[PDB]
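Peer 1: experimental coordinates for this protein are included below, preceded by the sequence.
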Amino acid sequence: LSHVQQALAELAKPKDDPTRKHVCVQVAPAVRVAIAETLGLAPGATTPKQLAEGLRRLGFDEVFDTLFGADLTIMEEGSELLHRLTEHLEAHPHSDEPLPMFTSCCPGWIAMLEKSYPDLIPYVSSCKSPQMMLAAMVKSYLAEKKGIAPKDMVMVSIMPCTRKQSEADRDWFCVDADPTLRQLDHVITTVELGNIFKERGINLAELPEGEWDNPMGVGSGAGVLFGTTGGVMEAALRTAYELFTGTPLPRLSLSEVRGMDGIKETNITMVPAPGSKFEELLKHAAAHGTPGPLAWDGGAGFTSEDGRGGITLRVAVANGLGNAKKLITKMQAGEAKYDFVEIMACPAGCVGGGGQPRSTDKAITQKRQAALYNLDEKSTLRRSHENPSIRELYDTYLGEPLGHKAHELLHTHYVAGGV
Ligand code: SF4
Ligand SMILES: [As]
Ligand SMILES: [Cl-]
Ligand SMILES: [Cl-]
């Protein structure tokens, strides 16, 4: 049986069947914006809570927003970038945590990494993706909070992507030592979900507004605050930037790199906060000979007559896989110098995933991107560490980002040659 069929069979069971599981769903933003096209409408023509009402009518017991998972991914990856930068600046880098750092949320990049780039594995962030962080959390924290055994929970994710099931199927996303209980059971694409609605005569555009559940299991709404982060990569940088400098990082505008297809970049200058440790490390020369395919050049430093020291963080974004291979070749010969790199396999990112509806409009992905966030939300910047649901989760259950419990729950590893 397909994963859609397995998921619909769990859903079809009466609440009073003894074998009825608790079934949880999580929804990616790129789904929410494109699912209206499944009914022949424009992107964004159905609201996020119309979609939550539709899912609730298929029989899900919770409906969750993958942006909660993204907030966990920001916490982890932001601290992870800052931690590697700090070890580099003190000239005591750990060998398993070199710069540059690459992101890890795209499974298409991960497969290519493991198959064709095994020497780069140590450079890749150890963070799980947003969907996996959220799955790991509901099967541990929330299960325990509700007195529900993890074996009696099923978790589905609606994704814009045909590769996210292969991410969920990596072996160690297993709950408590058996491969048989998976943190994330089933992935359904946008078009599969649109097709399930149509077969049952459910027209999203005409449903009433429903509601999201909070993965914490108390309090109303989705457990994410109003506003936008600019996405995981940007919010991770903002995390590190704002601790390092004491000053806000605005919304980033990436520019095209010339001579390379599908690659955008930015250079972010950073003066450490006065009185801070980061100011010390920059004051106290030998930050010359070292191993690895990507050898870090020691950073793009800058100076002032009076001692203002700074560093400039060199950021690149690559779409998709053929263009990423060319960046890597150039990083390896010393022609492109980057400290933090994001690789996505799709030319337009997740809004253009292979699980999305097909359109004759050459600009469909830019319309999906424009409608991802409600016009009022775009003007409010938000920060994951200020989310009271995230803070409660860390203060009562995980400890510190990068710490032991967070590592066990929210971090992963990569295998040379793939899986
Ligand atoms: S971006 Fe395209 S490829 Fe990378 S994950 Fe989202 S969908 Fe899959
Ligand atoms: As280390
Ligand atoms: Cl993966
Ligand atoms: Cl994800």
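Peer 2: Structure's in. What do you need? Residues are numbered from 1 along each chain as shown. Ligands and ions are numbered 1, 2, ... in the order given.

Peer 1: list the buried residues in stretch 7-26.
Peer 2: Residues of stretch 7-26 classed as buried: 7-8, 10-11, 20-26 (neighbour count, 16 or more other CB atoms under 10 Å). Where you see a C-beta, it was placed from the backbone N, CA and C, and this is true even at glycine.

Peer 1: now do stretch 37-46
Peer 2: Within stretch 37-46, the residues that count as buried by 16+ other CB under 10 Å are 37-39, 43-46.

Peer 1: out of these, who's nearest residue 248?
Peer 2: Nearest to residue 248, judged by CB to CB, of the buried residues of stretch 37-46 is residue 44 at 28.8 Å.

Peer 1: the residue lying closest to the closest one once chain neighbours are set aside - how many residues pack around it?
Peer 2: Spatial nearest neighbour of residue 44, chain neighbours left out: residue 371 (3.0 Å); criterion: CB to CB, 6 or more residues apart in numbering. If you count neighbours by other CB atoms under 10 Å, residue 371 ends up with 18.

Peer 1: may I have the beta-bridge partners of the closest residue to residue 340 other than its chain neighbours?
Peer 2: What sits nearest to residue 340 in space, not counting adjacent residues and going by CB to CB, 6+ apart, is residue 315, at 5.0 Å. Judged by DSSP bridges, the bridge partners of residue 315 are residue 266, residue 340.

Peer 1: for residue 315, give its distance to residue 255.
Peer 2: 11 Å (CB to CB, to the nearest Å).

Peer 1: for residue 311, same thing?
Peer 2: Separation of residue 311 from residue 255 (CB to CB): 20 Å.

Peer 1: neighbour count: these two, which is higher?
Peer 2: Neighbours per residue, other CB under 10 Å: of residue 311 and residue 255, the larger number sits with residue 311, 24 against 9.

Peer 1: quick check: buried residues in the host helix or strand of that one?
Peer 2: Assigned by DSSP states H and E, residue 311 falls within strand 309-319. Neighbour counts over strand 309-319 (16+ other CB under 10 Å) mark 309-311, 313-319 as buried.

Peer 1: wait, what's in contact with residue 221?
Peer 2: Going by CB atoms under 8 Å, 6 or more residues apart in numbering, residue 221 touches 211-212, 214.

Peer 1: for the residues you listed, which one is nearest residue 330?
Peer 2: Using CB to CB, residue 212 comes nearest to residue 330 of the contacts of residue 221, at 43.2 Å.

Peer 1: that closest one is in contact with residue 50, isn't it?
Peer 2: No - the criterion here is CB atoms under 8 Å, and residue 212 misses it with residue 50 at 11.9 Å.

Peer 1: so what's residue 419 closest to, chain neighbours aside?
Peer 2: When the adjacent residues along the chain are set aside, residue 419 lies closest to residue 170, with 6.3 Å between them (CB to CB, 6+ apart).

Peer 1: ignore what I typed, I meant residue 166.
Peer 2: Setting aside the residues directly before and after it, residue 166 is nearest to residue 107 in space (CB to CB, 6+ apart), at 5.6 Å.

Peer 1: the lengthiest helix in the chain packs against which elements?
Peer 2: Ranked by number of residues, the top helix in the chain under DSSP state H is helix 67-89. Using 3 or more CB pairs under 8 Å, 6 or more residues apart in numbering; DSSP states H and E, the elements in contact with helix 67-89 are strand 101-102, helix 130-137, helix 232-245, helix 277-283, helix 388-393, helix 404-410.

Peer 1: okay, now the domains of this protein?
Peer 2: 1-66+129-207+348-380, 67-128+227-347+381-412 (curated CATH domains).

Peer 1: possible to save those as a markdown table with distance to residue 219?
Peer 2: Output for these, formatted as a markdown table (distance: least, CB to CB, whole Å):
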| stretch | distance to residue 219 |
| --- | --- |
| domain 1-66+129-207+348-380 | 12 |
| domain 67-128+227-347+381-412 | 7 |
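
Peer 1: any idea what the nearest residue to residue 299 once chain neighbours are set aside is bridged to?
Peer 2: When the adjacent residues along the chain are set aside, residue 299 lies closest to residue 311, with 5.1 Å between them (CB to CB, 6+ apart). Taking DSSP bridges, one obtains residue 270, residue 301 as the residues bridged to residue 311.
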